[PDB]
Structures are given as structure tokens and as C-alpha cells.
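Okay, structure first, notes after.
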Protein chains: 2
Amino acid sequence: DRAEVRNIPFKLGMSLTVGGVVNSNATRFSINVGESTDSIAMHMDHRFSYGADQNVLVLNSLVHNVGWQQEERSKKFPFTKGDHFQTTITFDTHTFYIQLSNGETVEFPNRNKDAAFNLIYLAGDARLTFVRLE
Amino acid sequence: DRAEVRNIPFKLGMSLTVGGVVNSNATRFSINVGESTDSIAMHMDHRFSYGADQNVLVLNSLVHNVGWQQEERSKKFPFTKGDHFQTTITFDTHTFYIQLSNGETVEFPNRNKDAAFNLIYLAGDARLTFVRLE
Ligand SMILES: OC[C@H]1O[C@@H](O[C@H]2[C@H](O)[C@@H](O)[C@@H](O)O[C@@H]2CO)[C@H](O)[C@@H](O)[C@H]1O
Ligand SMILES: OC[C@H]1O[C@@H](O[C@H]2[C@H](O)[C@@H](O)[C@@H](O)O[C@@H]2CO)[C@H](O)[C@@H](O)[C@H]1O
């Protein structure tokens, strides 16, 4: 099953740090911040091999009973199958601020202008090993 | 719904710190470490008013399809309705080590000799505000 933190509000001014390990033969895994598996304000997918996507980050939002919105992509990809990663996320009402394992950063709009989220989860071909949400 | 951290293994040598706030008119709330809502290796219930229990901690394990085992109790109760609390838990194969908001400690046996747990949750009349599991 997926790894999740539920109903511990991730609020404006708080920081989320997750650590994990990428599966050896991973296709892709995602880190998700939102309200449900069908309501995601910040989805960050890490694509080792997905169709034609290789070594790319793909970010988007998922709206309940509606679907995926406009994707954003980054070629920053400091991730290795079989290896640990760590990611830090903070946000204000306009922006999600993501910091990757190597210190590079990606930003993604806070499309709903949410000030808090009740669900953080990892899905796909990786596992989590630690979390700080505070 | 309950507040939980799921499928981020809480392993030997790691520490769990949760912060939260007790509901104003709370009867009781618990912090639980185990595998499911029916499989709990360390249940720590905080009883403000429960039957004849007032201002007491009650610790126990819950076995799946079996039920609650031998309760242990403590009168250490540095908790106030409406107020923040923080708790830190670590364990080895014999013992759960719990540290309360005021620095006092309670210990509870690791009855299964588990070296890792996939579920941490809070239930009842309180809410969580932060977590460090690392
Ligand atoms: O946008 C995030 C989601 O992408 C979906 O895949 C897209 C893909 O990125 C796009 O290039 C085209 O292939 O449409 C696909 C289907 O919407 C993932 O399938 C999805 O899980 C999210 O990662
Ligand atoms: O042992 C933890 C569980 O206690 C249950 O309550 C017990 C109670 O502590 C005991 O004094 C007697 O009243 O039996 C009750 C029922 O088993 C709680 O109901 C339960 O949720 C756990 O906290």
C-alpha cells in the first residue's frame, strides 16, 4: 500500500520533509499533497521510464471527479533507482516550494489557494523511510 | 477521521514525536503504534473522563480478532483539554519508551518483539498538529 500522512494538517508556514528509497527497477513514483487520492493540489511524479518519459519530474493537480489539470515538467532529476532521496515542501497561498535531494528546487502553483492539506502520500515504485511535518 | 502515518516503517532505533491539541471537552484520545486499527502493539489512551477513569493514562496492546491484552496504567498526566501536548516514542525489541509533554516517561513492553510498525494513529478527542518520524 501507499505511504501516507493523513489528517495532520499541512498548513501555511509548516515544512514537510520526506525521505525514501527508489525501487531498483522503478518505473515511476509520486509524492502527493492534497485531500484524497482523487483530489491532489501538488502531485510530483518521478518518471524513470514512463512511455517516452525518462528521468523527468512531472507536476500537476488532480481535481475530484474532473481529472488532471495542466502538467508542468522539470528535467532536474537527482534520483537513482535503489537509492535514497529526500524532498522538502513548503507552500504559501500562491506557490508550492519543493526542494530536491541535491538542493535544486521546483515551484508549482497553489491553484486552489489552499492554506492547508489533510493528506500527503507516496505512490508507485518507491517507499518512504522518514517524515518531518512541522 | 483519525490522524495517521501509514506505511512509513517505524523501525528500531528511530524516534517518533507527535504534537497535537486536546479537544476542549475531551473524554479521551489515544496514540497507537501497530499495524491496523485492530492490531496495536502500543496503545496509549489519555483519559480525561472515561467511566471512573479521570486524568489517567492507560496502555495496552490489541490483537487482531482477539482483543485487548493486559492493561498498564500511569497517573502521569501532564495534559489539559484545549491545550497542546507533545509525545516522543522510541522502542527496542523489549520495550516502548514514551516521553510525555513534561519530560516524564512511561515504558510499555513490546509484547510481540516487533522490530518495526507500519501504522501510527491518533484517535478520539484530540487532533495532531505535527509529526517527526526519523
Ligand atoms: O499529469 C500528471 C499525470 O500524468 C498522467 O500521464 C499523462 C502524461 O503525463 C501525458 O504526457 C499524457 O501521456 O497523458 C497521460 C494521461 O493523463 C499520469 O498517467 C498520471 O498518473 C499523473 O502522473
Ligand atoms: O485497555 C485499553 C482499552 O481499554 C478499554 O476499556 C476497558 C477499561 O480500561 C477497563 O477498565 C474495563 O472498563 O474494560 C474496558 C473495556 O475493555 C477501552 O474501551 C478501549 O478502547 C482501550 O482503551
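Please note: Cβ atoms are built from the backbone with ideal geometry, for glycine as well, and neighbour counts cover all protein chains shown. The numbers here are math on the coordinates, done by the rules we state, and not lab data.
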Unique residue being in a strand (DSSP E or B) and either away from every other protein chain (no Cβ under 13 Å) or crowded, with 18+ Cβ neighbours inside 10 Å (or both) when the list is A:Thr80, A:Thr129, A:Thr93: A:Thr129
Scan the range A:68-77 for residues that are near ligand 1 (Cβ under 8 Å from one of its atoms) and assigned to a strand (DSSP E or B) and jot them down. A:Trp68
Can you work out which of the residues in the range B:1-42 that are within 17 Å of B:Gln69 (Cβ to Cβ) and touching a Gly at 6+ places or on another chain (Cβ under 8 Å) is nearest to the other protein chains (Cβ to nearest Cβ)? B:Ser30
Within the set of pairs 6+ apart or on separate chains, which have a first residue in the range A:109-126 that is within 13 Å of A:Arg47 (Cα to Cα), a second that is buried (at least 19 other Cβ atoms within 10 Å of the Cβ) and of a type in the set (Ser, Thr, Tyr), and C-beta atoms under 9 Å apart? A:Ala123/A:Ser30; A:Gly124/A:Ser30; A:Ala126/A:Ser30
With A:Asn25, A:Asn60, A:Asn7 as the choices, which residue is at positive phi and either surrounded by fewer than 20 Cβ atoms within 10 Å (Cβ to Cβ) or touching an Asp or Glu at 6+ places or on another chain (Cβ under 7 Å) (or both)? A:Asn7
Within the range B:43-51, does at least one residue satisfy the condition of being more than 14 Å from chain A (Cβ to nearest Cβ), surrounded by 15 or more Cβ atoms within 10 Å (Cβ to Cβ), under 16 Å from B:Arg111 (Cα atoms) and not β-branched (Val, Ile, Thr)? yes
Quick one: is B:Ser61 under 24 Å from A:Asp1 (Cβ atoms), touching a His at 6+ places or on another chain (Cβ under 8 Å) and within 13 Å of ligand 2 (Cβ to nearest atom)? yes
Picking from A:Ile31, A:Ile89, which residue would you name as being more than 12 Å from ligand 1 (Cβ to nearest atom), of a type in the set (A, V, I, L, M), within 12 Å of the chain's Cα centre (by Cα) and closer than 18 Å to A:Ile8 by Cα? A:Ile89
Picked from the range A:99-126 (must be part of a strand (DSSP E or B) and within 14 Å of A:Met14 (Cβ to Cβ)), the residue farthest from the other protein chains (Cβ to nearest Cβ) is A:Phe117
